[PDB]
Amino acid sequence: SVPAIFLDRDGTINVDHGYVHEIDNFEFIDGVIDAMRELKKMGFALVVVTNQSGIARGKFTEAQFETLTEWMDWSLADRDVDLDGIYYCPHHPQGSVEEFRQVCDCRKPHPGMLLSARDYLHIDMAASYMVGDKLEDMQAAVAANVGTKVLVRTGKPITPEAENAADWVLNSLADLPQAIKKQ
């Protein structure tokens, strides 16, 4: 039963520019790739869990997302970061694109993507971590019983509510390996 770092994408791995869906607009946050490779060496499985309502909004297609995500996966793999899972949610109750127009339980703060990852990779949840920049991330983590909930300051400016719900607040994902290592 392996421990994991569940990872928000926009604002945590890549600078949030708003509905990022193009390679030219994807900017890794400083030091996160190195930090992810270290996390891995410390024996954590790494699992991306990202809301992509942009798809239900019509801003871009599930297939452009697929294209970006494949590129992202390779860029990481080529840097010795091998992601154990990539989960996403294309939905929004008010979506303008029918096939993604719906309520769901994968859309954080619903824990859908975390539990699914739990089942499919057999993750020790109480020994796992959630890293994101929003309240919905802390709430999603809480529901799924993720032991350690980590807010970061690299994305959405943090709300006091997001901070209420988090266990740690770090400047960045780049800081996580250190934070963990000192217990």
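Counting begins at 1, following the sequence as shown.
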Comparing 55 to 63 with 133 to 141, where is the mean C-alpha B-factor higher?
-> 55 to 63
On mean C-alpha B-factor from the PDB entry, just flag whether 28 to 36 or 65 to 73 is the higher one.
-> 65 to 73
Check the PDB entry and point out which of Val150, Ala45, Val48, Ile158 has the largest C-alpha temperature factor.
-> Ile158
If you rank every modelled residue in this chain by C-alpha B factor, which third holds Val103: lowest, middle or highest?
-> highest
Assert third(CA B-factor, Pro111) within chain per record equals middle
Sorting the chain's modelled residues by C-alpha B-factor and splitting them into thirds places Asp10 in the lowest
